file run-v1.pdb (PDB, C-alpha atoms)
ATOM      1  CA  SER A   1       3.793 -38.992  -6.343
ATOM      2  CA  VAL A   2       1.454 -41.933  -5.630
ATOM      3  CA  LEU A   3       4.072 -43.962  -3.684
ATOM      4  CA  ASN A   4       4.953 -40.887  -1.571
ATOM      5  CA  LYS A   5       1.610 -41.124   0.241
ATOM      6  CA  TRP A   6       0.202 -43.739   2.619
ATOM      7  CA  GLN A   7      -2.612 -45.248   0.522
ATOM      8  CA  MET A   8      -3.783 -48.328  -1.377
ATOM      9  CA  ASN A   9      -1.654 -48.910  -4.480
ATOM     10  CA  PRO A  10      -3.395 -48.559  -7.873
ATOM     11  CA  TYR A  11      -0.291 -50.248  -9.361
ATOM     12  CA  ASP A  12      -0.638 -53.335  -7.129
ATOM     13  CA  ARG A  13      -4.233 -54.602  -7.348
ATOM     14  CA  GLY A  14      -6.635 -57.091  -8.962
ATOM     15  CA  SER A  15      -8.450 -56.103 -12.176
ATOM     16  CA  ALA A  16     -11.814 -55.531 -10.405
ATOM     17  CA  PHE A  17     -10.315 -53.724  -7.406
ATOM     18  CA  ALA A  18     -11.253 -50.042  -7.382
ATOM     19  CA  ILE A  19      -9.719 -47.298  -5.252
ATOM     20  CA  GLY A  20     -11.452 -43.967  -4.499
ATOM     21  CA  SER A  21      -9.829 -40.589  -5.148
ATOM     22  CA  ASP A  22      -8.828 -40.446  -1.455
ATOM     23  CA  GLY A  23      -6.726 -43.588  -1.957
ATOM     24  CA  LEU A  24      -8.440 -45.171   1.036
ATOM     25  CA  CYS A  25     -11.960 -46.250   0.132
ATOM     26  CA  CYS A  26     -11.727 -49.501  -1.797
ATOM     27  CA  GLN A  27     -14.243 -51.847  -3.402
ATOM     28  CA  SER A  28     -14.476 -54.919  -5.626
ATOM     29  CA  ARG A  29     -17.875 -55.618  -7.177
ATOM     30  CA  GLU A  30     -17.223 -58.939  -8.958
ATOM     31  CA  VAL A  31     -19.687 -61.398  -7.405
ATOM     32  CA  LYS A  32     -17.735 -64.680  -7.500
ATOM     33  CA  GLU A  33     -14.095 -63.518  -7.522
ATOM     34  CA  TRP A  34     -11.632 -62.386  -4.866
ATOM     35  CA  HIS A  35      -9.678 -59.223  -5.781
ATOM     36  CA  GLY A  36      -6.899 -57.805  -3.625
ATOM     37  CA  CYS A  37      -4.527 -54.871  -3.091
ATOM     38  CA  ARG A  38      -1.477 -53.763  -1.052
ATOM     39  CA  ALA A  39      -0.529 -50.331   0.293
ATOM     40  CA  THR A  40       2.096 -48.124  -1.387
ATOM     41  CA  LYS A  41       4.475 -48.503   1.563
ATOM     42  CA  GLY A  42       5.610 -51.213   3.963
ATOM     43  CA  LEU A  43       7.066 -51.551   7.444
ATOM     44  CA  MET A  44      10.567 -52.868   8.266
ATOM     45  CA  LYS A  45      10.833 -52.069  12.021
ATOM     46  CA  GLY A  46       8.680 -50.836  14.920
ATOM     47  CA  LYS A  47       5.220 -51.188  16.475
ATOM     48  CA  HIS A  48       2.454 -49.833  14.315
ATOM     49  CA  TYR A  49      -1.285 -49.806  13.734
ATOM     50  CA  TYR A  50      -3.910 -49.072  11.101
ATOM     51  CA  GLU A  51      -7.711 -49.295  11.020
ATOM     52  CA  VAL A  52     -10.162 -50.553   8.407
ATOM     53  CA  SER A  53     -13.933 -50.020   8.378
ATOM     54  CA  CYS A  54     -16.427 -52.348   6.633
ATOM     55  CA  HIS A  55     -19.025 -50.496   4.557
ATOM     56  CA  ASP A  56     -21.255 -53.408   3.480
ATOM     57  CA  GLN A  57     -22.017 -57.113   3.915
ATOM     58  CA  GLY A  58     -19.518 -58.510   1.385
ATOM     59  CA  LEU A  59     -16.616 -60.839   2.192
ATOM     60  CA  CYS A  60     -13.160 -59.510   2.992
ATOM     61  CA  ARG A  61      -9.831 -60.312   4.597
ATOM     62  CA  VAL A  62      -7.429 -57.712   5.980
ATOM     63  CA  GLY A  63      -3.853 -57.949   7.275
ATOM     64  CA  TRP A  64      -0.292 -57.737   5.986
ATOM     65  CA  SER A  65       1.809 -59.330   3.253
ATOM     66  CA  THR A  66       5.281 -59.074   1.749
ATOM     67  CA  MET A  67       6.091 -58.175  -1.877
ATOM     68  CA  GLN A  68       6.487 -61.923  -2.638
ATOM     69  CA  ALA A  69       2.866 -62.656  -1.649
ATOM     70  CA  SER A  70      -0.206 -63.345  -3.772
ATOM     71  CA  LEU A  71      -2.816 -60.526  -3.620
ATOM     72  CA  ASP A  72      -5.144 -63.327  -2.545
ATOM     73  CA  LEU A  73      -4.209 -62.582   1.066
ATOM     74  CA  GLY A  74      -3.449 -65.569   3.308
ATOM     75  CA  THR A  75      -3.268 -68.162   0.535
ATOM     76  CA  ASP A  76       0.551 -68.394   0.715
ATOM     77  CA  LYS A  77       3.418 -68.267   3.247
ATOM     78  CA  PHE A  78       4.007 -64.517   2.692
ATOM     79  CA  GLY A  79       0.662 -63.152   3.918
ATOM     80  CA  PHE A  80      -1.485 -62.918   7.049
ATOM     81  CA  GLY A  81      -5.213 -62.254   6.891
ATOM     82  CA  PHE A  82      -8.180 -61.820   9.203
ATOM     83  CA  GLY A  83     -11.563 -62.419   7.603
ATOM     84  CA  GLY A  84     -15.151 -61.426   8.335
ATOM     85  CA  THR A  85     -16.238 -64.992   9.072
ATOM     86  CA  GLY A  86     -13.924 -65.081  12.120
ATOM     87  CA  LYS A  87     -10.984 -66.868  10.546
ATOM     88  CA  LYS A  88      -7.292 -66.093  10.297
ATOM     89  CA  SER A  89      -5.467 -67.178   7.130
ATOM     90  CA  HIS A  90      -1.847 -67.994   6.292
ATOM     91  CA  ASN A  91      -0.334 -70.534   3.872
ATOM     92  CA  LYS A  92      -3.829 -71.527   2.647
ATOM     93  CA  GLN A  93      -4.801 -72.570   6.208
ATOM     94  CA  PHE A  94      -7.914 -70.910   7.626
ATOM     95  CA  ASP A  95      -8.263 -71.230  11.394
ATOM     96  CA  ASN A  96     -10.869 -69.973  13.848
ATOM     97  CA  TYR A  97      -9.729 -66.673  15.310
ATOM     98  CA  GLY A  98     -11.325 -63.673  16.965
ATOM     99  CA  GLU A  99     -14.894 -62.745  16.156
ATOM    100  CA  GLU A 100     -17.087 -62.389  13.066
ATOM    101  CA  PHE A 101     -17.253 -58.877  11.603
ATOM    102  CA  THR A 102     -19.293 -56.975   9.017
ATOM    103  CA  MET A 103     -20.849 -53.627   8.038
ATOM    104  CA  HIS A 104     -20.211 -50.805  10.570
ATOM    105  CA  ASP A 105     -17.365 -52.702  12.264
ATOM    106  CA  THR A 106     -13.830 -51.338  12.528
ATOM    107  CA  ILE A 107     -10.855 -53.676  12.604
ATOM    108  CA  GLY A 108      -7.603 -52.516  14.156
ATOM    109  CA  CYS A 109      -4.499 -54.130  12.715
ATOM    110  CA  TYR A 110      -1.467 -54.266  14.996
ATOM    111  CA  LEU A 111       2.053 -55.114  13.871
ATOM    112  CA  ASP A 112       5.079 -55.445  16.145
ATOM    113  CA  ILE A 113       8.023 -56.171  13.831
ATOM    114  CA  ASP A 114      10.587 -56.167  16.642
ATOM    115  CA  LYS A 115       8.790 -58.902  18.660
ATOM    116  CA  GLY A 116       7.381 -60.526  15.484
ATOM    117  CA  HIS A 117       3.692 -60.292  16.484
ATOM    118  CA  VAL A 118       0.501 -59.776  14.440
ATOM    119  CA  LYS A 119      -2.821 -59.117  16.183
ATOM    120  CA  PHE A 120      -6.217 -57.527  15.607
ATOM    121  CA  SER A 121      -8.959 -55.690  17.470
ATOM    122  CA  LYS A 122     -12.678 -55.444  16.675
ATOM    123  CA  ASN A 123     -14.360 -52.212  17.735
ATOM    124  CA  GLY A 124     -11.534 -51.744  20.275
ATOM    125  CA  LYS A 125     -11.771 -55.273  21.706
ATOM    126  CA  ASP A 126      -8.402 -57.091  21.716
ATOM    127  CA  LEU A 127      -8.835 -60.377  19.820
ATOM    128  CA  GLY A 128      -5.440 -61.741  20.852
ATOM    129  CA  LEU A 129      -2.200 -62.736  19.154
ATOM    130  CA  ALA A 130      -3.048 -64.075  15.665
ATOM    131  CA  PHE A 131       0.395 -64.781  14.194
ATOM    132  CA  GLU A 132       4.072 -64.845  14.957
ATOM    133  CA  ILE A 133       6.401 -63.821  12.127
ATOM    134  CA  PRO A 134       8.110 -67.072  11.010
ATOM    135  CA  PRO A 135      11.893 -67.357  10.398
ATOM    136  CA  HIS A 136      11.453 -67.354   6.587
ATOM    137  CA  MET A 137       9.734 -63.933   6.754
ATOM    138  CA  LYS A 138      12.362 -62.115   8.887
ATOM    139  CA  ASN A 139      13.927 -58.899   7.513
ATOM    140  CA  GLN A 140      11.172 -58.564   4.889
ATOM    141  CA  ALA A 141       8.900 -55.522   4.782
ATOM    142  CA  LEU A 142       5.196 -56.021   5.552
ATOM    143  CA  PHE A 143       2.580 -53.992   3.655
ATOM    144  CA  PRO A 144      -1.089 -53.488   4.622
ATOM    145  CA  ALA A 145      -3.181 -55.725   2.391
ATOM    146  CA  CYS A 146      -6.775 -56.765   1.778
ATOM    147  CA  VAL A 147      -8.780 -59.026  -0.475
ATOM    148  CA  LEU A 148     -12.473 -58.512  -1.234
ATOM    149  CA  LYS A 149     -15.379 -60.422  -2.686
ATOM    150  CA  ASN A 150     -18.203 -58.007  -3.556
ATOM    151  CA  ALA A 151     -17.222 -55.774  -0.637
ATOM    152  CA  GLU A 152     -16.226 -52.177   0.250
ATOM    153  CA  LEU A 153     -13.683 -51.102   2.923
ATOM    154  CA  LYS A 154     -12.073 -47.841   4.046
ATOM    155  CA  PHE A 155      -8.491 -47.734   5.330
ATOM    156  CA  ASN A 156      -7.107 -45.307   7.865
ATOM    157  CA  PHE A 157      -3.308 -45.305   8.194
ATOM    158  CA  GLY A 158      -3.354 -42.500  10.775
ATOM    159  CA  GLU A 159      -4.035 -39.404   8.720
ATOM    160  CA  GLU A 160      -7.596 -39.260  10.101
ATOM    161  CA  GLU A 161      -8.791 -39.677  13.716
ATOM    162  CA  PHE A 162      -8.796 -43.370  14.727
ATOM    163  CA  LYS A 163     -12.181 -44.671  15.894
ATOM    164  CA  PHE A 164     -10.353 -46.879  18.405
ATOM    165  CA  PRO A 165      -6.847 -45.480  19.156
ATOM    166  CA  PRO A 166      -4.153 -48.213  19.552
ATOM    167  CA  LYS A 167      -3.035 -49.571  22.928
ATOM    168  CA  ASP A 168       0.338 -50.860  24.213
ATOM    169  CA  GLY A 169       2.742 -48.413  22.509
ATOM    170  CA  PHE A 170       1.610 -49.086  18.952
ATOM    171  CA  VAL A 171       1.205 -45.882  16.913
ATOM    172  CA  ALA A 172      -0.310 -44.845  13.566
ATOM    173  CA  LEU A 173       1.462 -46.518  10.656
ATOM    174  CA  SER A 174       1.498 -43.184   8.749
ATOM    175  CA  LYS A 175       3.662 -41.721  11.573
ATOM    176  CA  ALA A 176       6.416 -44.340  11.272
ATOM    177  CA  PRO A 177       9.910 -42.819  10.811
ATOM    178  CA  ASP A 178      11.201 -42.625   7.218
ATOM    179  CA  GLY A 179      14.063 -45.072   7.828
ATOM    180  CA  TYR A 180      11.688 -47.818   9.041
ATOM    181  CA  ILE A 181       9.499 -47.641   5.897
ATOM    182  CA  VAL A 182      10.021 -49.196   2.464
ATOM    183  CA  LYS A 183       8.369 -48.153  -0.851
ATOM    184  CA  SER A 184       6.399 -50.737  -2.860
ATOM    185  CA  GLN A 185       8.152 -52.522  -5.738
ATOM    186  CA  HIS A 186       5.033 -51.822  -7.834
ATOM    187  CA  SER A 187       5.126 -48.363  -9.410
ATOM    188  CA  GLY A 188       4.308 -46.332 -12.532
ATOM    189  CA  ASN A 189       3.267 -42.939 -13.915
ATOM    190  CA  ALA A 190       0.255 -40.911 -12.718
TER     191      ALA A 190
END

call {"tool": "encode", "arguments": {"input": "run-v1.pdb", "output": "structure tokens"}}
result
Amino acid sequence: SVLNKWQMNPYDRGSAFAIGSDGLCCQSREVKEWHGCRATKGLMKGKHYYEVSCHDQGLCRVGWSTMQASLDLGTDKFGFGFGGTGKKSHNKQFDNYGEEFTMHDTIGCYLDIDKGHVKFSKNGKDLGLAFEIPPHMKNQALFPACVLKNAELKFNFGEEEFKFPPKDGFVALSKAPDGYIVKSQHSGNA
């Protein structure tokens, strides 16, 4: 029943990564370690959007990764991250991108599978194209993902009102058609 819902996956997370009973408010309280998670479901086609809100001053990266990726988002060729210090990450390369963000900020995460485009907004401000989906990643489902270092975030896949509704024909990830969505490979009993 856990994989049937759009939420963060208790079966696909670091040891210190904790998920609230809503499935959406997440934290990791280990001071010197990064702990990550992926959502229960992933996207294979379409233009979609989710939001994440920062609840404190801890470090975090948010974005998308495939099932082959490390939960340490952006440290391999299967993940894309945007981090609070104003850096995008992919294949262990951290580049200046966008703006810094922190407590009280909301990051919008845009994914256009059909055009192969990843981009982000901060409090409704378009930060620009962050990544193109590379040839090696084509035809592979992308799951919302984060990694935290002594931080707390809250996801919104579309089941609650968006603080900054998506532009340009992107729609809530939770409203993606059934045939364009893929269940996580990480499951169990609840």

call {"tool": "closest_residue", "arguments": {"input": "run-v1.pdb", "among": "A:102, A:70, A:21, A:184", "to": "residue 146 of chain A", "atoms": "only C-alpha atoms"}}
result
A:70

call {"tool": "residues_near_point", "arguments": {"input": "run-v1.pdb", "point": "(-13.1, -52.3, -7.2)", "cutoff": "10 Å", "atoms": "all atoms listed in the file", "output": "mmCIF file with C-alpha atoms, in the coordinates of the input"}}
result
data_model
loop_
_atom_site.group_PDB
_atom_site.id
_atom_site.type_symbol
_atom_site.label_atom_id
_atom_site.label_comp_id
_atom_site.auth_asym_id
_atom_site.auth_seq_id
_atom_site.Cartn_x
_atom_site.Cartn_y
_atom_site.Cartn_z
ATOM 1 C CA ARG A 13 -4.233 -54.602 -7.348
ATOM 2 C CA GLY A 14 -6.635 -57.091 -8.962
ATOM 3 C CA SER A 15 -8.450 -56.103 -12.176
ATOM 4 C CA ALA A 16 -11.814 -55.531 -10.405
ATOM 5 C CA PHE A 17 -10.315 -53.724 -7.406
ATOM 6 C CA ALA A 18 -11.253 -50.042 -7.382
ATOM 7 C CA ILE A 19 -9.719 -47.298 -5.252
ATOM 8 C CA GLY A 20 -11.452 -43.967 -4.499
ATOM 9 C CA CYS A 25 -11.960 -46.250 0.132
ATOM 10 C CA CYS A 26 -11.727 -49.501 -1.797
ATOM 11 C CA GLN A 27 -14.243 -51.847 -3.402
ATOM 12 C CA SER A 28 -14.476 -54.919 -5.626
ATOM 13 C CA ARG A 29 -17.875 -55.618 -7.177
ATOM 14 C CA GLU A 30 -17.223 -58.939 -8.958
ATOM 15 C CA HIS A 35 -9.678 -59.223 -5.781
ATOM 16 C CA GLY A 36 -6.899 -57.805 -3.625
ATOM 17 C CA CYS A 37 -4.527 -54.871 -3.091
ATOM 18 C CA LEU A 148 -12.473 -58.512 -1.234
ATOM 19 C CA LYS A 149 -15.379 -60.422 -2.686
ATOM 20 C CA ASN A 150 -18.203 -58.007 -3.556
ATOM 21 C CA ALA A 151 -17.222 -55.774 -0.637
ATOM 22 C CA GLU A 152 -16.226 -52.177 0.250
#

call {"tool": "closest_residue", "arguments": {"input": "run-v1.pdb", "among": "A:39, A:141, A:60, A:3", "to": "residue 156 of chain A", "atoms": "all atoms listed in the file"}}
result
A:39

call {"tool": "residues_around", "arguments": {"input": "run-v1.pdb", "residues": "segment 74-76 of chain A", "least_positions_apart": "3", "cutoff": "10 Å", "atoms": "only C-alpha atoms", "output": "list in words"}}
result
residues 61, 62, 63, 64, 65, 68, 69, 70, 71, 79, 80, 81, 82, 83, 88, 89, 90, 91, 92, 93, 94, 145, 146 and 147 of chain A

call {"tool": "atom_distance", "arguments": {"input": "run-v1.pdb", "atom1": "atom CA of residue 33 of chain A", "atom2": "atom CA of residue 185 of chain A"}}
result
24.9 Å

call {"tool": "closest_residue", "arguments": {"input": "run-v1.pdb", "among": "A:176, A:190, A:73, A:127", "to": "residue 10 of chain A", "atoms": "only C-alpha atoms"}}
result
A:190

call {"tool": "closest_residue", "arguments": {"input": "run-v1.pdb", "among": "A:40, A:34, A:46, A:174", "to": "residue 11 of chain A", "atoms": "all atoms listed in the file"}}
result
A:40

call {"tool": "build_atoms", "arguments": {"input": "run-v1.pdb", "residues": "segment 56-71 of chain A", "atoms": "N, CA and C atoms", "output": "PDB file, in the frame of the given file"}}
result
ATOM      1  N   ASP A  56     -20.102 -52.568   3.832  1.00  0.00           N
ATOM      2  CA  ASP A  56     -21.255 -53.408   3.480  1.00  0.00           C
ATOM      3  C   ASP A  56     -21.121 -54.852   3.964  1.00  0.00           C
ATOM      4  N   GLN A  57     -21.941 -55.744   3.415  1.00  0.00           N
ATOM      5  CA  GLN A  57     -22.017 -57.113   3.915  1.00  0.00           C
ATOM      6  C   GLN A  57     -21.159 -58.119   3.138  1.00  0.00           C
ATOM      7  N   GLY A  58     -20.346 -57.631   2.205  1.00  0.00           N
ATOM      8  CA  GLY A  58     -19.518 -58.510   1.385  1.00  0.00           C
ATOM      9  C   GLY A  58     -18.369 -59.131   2.162  1.00  0.00           C
ATOM     10  N   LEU A  59     -17.719 -60.120   1.553  1.00  0.00           N
ATOM     11  CA  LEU A  59     -16.616 -60.839   2.192  1.00  0.00           C
ATOM     12  C   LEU A  59     -15.289 -60.099   2.019  1.00  0.00           C
ATOM     13  N   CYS A  60     -14.451 -60.170   3.045  1.00  0.00           N
ATOM     14  CA  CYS A  60     -13.160 -59.510   2.992  1.00  0.00           C
ATOM     15  C   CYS A  60     -12.180 -60.145   3.959  1.00  0.00           C
ATOM     16  N   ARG A  61     -10.896 -59.984   3.661  1.00  0.00           N
ATOM     17  CA  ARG A  61      -9.831 -60.312   4.597  1.00  0.00           C
ATOM     18  C   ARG A  61      -8.864 -59.151   4.623  1.00  0.00           C
ATOM     19  N   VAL A  62      -8.372 -58.818   5.812  1.00  0.00           N
ATOM     20  CA  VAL A  62      -7.429 -57.712   5.980  1.00  0.00           C
ATOM     21  C   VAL A  62      -6.208 -58.199   6.763  1.00  0.00           C
ATOM     22  N   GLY A  63      -5.059 -57.584   6.534  1.00  0.00           N
ATOM     23  CA  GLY A  63      -3.853 -57.949   7.275  1.00  0.00           C
ATOM     24  C   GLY A  63      -2.625 -57.355   6.620  1.00  0.00           C
ATOM     25  N   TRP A  64      -1.612 -58.194   6.413  1.00  0.00           N
ATOM     26  CA  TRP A  64      -0.292 -57.737   5.986  1.00  0.00           C
ATOM     27  C   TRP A  64       0.303 -58.796   5.087  1.00  0.00           C
ATOM     28  N   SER A  65       1.082 -58.373   4.091  1.00  0.00           N
ATOM     29  CA  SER A  65       1.809 -59.330   3.253  1.00  0.00           C
ATOM     30  C   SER A  65       3.122 -58.735   2.748  1.00  0.00           C
ATOM     31  N   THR A  66       4.048 -59.584   2.333  1.00  0.00           N
ATOM     32  CA  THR A  66       5.281 -59.074   1.749  1.00  0.00           C
ATOM     33  C   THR A  66       5.105 -58.918   0.234  1.00  0.00           C
ATOM     34  N   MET A  67       6.107 -58.342  -0.424  1.00  0.00           N
ATOM     35  CA  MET A  67       6.091 -58.175  -1.877  1.00  0.00           C
ATOM     36  C   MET A  67       6.065 -59.510  -2.645  1.00  0.00           C
ATOM     37  N   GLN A  68       6.550 -60.585  -2.027  1.00  0.00           N
ATOM     38  CA  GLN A  68       6.487 -61.923  -2.638  1.00  0.00           C
ATOM     39  C   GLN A  68       5.096 -62.585  -2.636  1.00  0.00           C
ATOM     40  N   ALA A  69       4.157 -62.013  -1.893  1.00  0.00           N
ATOM     41  CA  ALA A  69       2.866 -62.656  -1.649  1.00  0.00           C
ATOM     42  C   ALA A  69       1.875 -62.491  -2.789  1.00  0.00           C
ATOM     43  N   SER A  70       0.991 -63.478  -2.931  1.00  0.00           N
ATOM     44  CA  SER A  70      -0.206 -63.345  -3.772  1.00  0.00           C
ATOM     45  C   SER A  70      -1.109 -62.220  -3.229  1.00  0.00           C
ATOM     46  N   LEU A  71      -1.856 -61.545  -4.105  1.00  0.00           N
ATOM     47  CA  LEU A  71      -2.816 -60.526  -3.620  1.00  0.00           C
ATOM     48  C   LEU A  71      -4.038 -61.202  -3.009  1.00  0.00           C
TER      49      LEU A  71
END
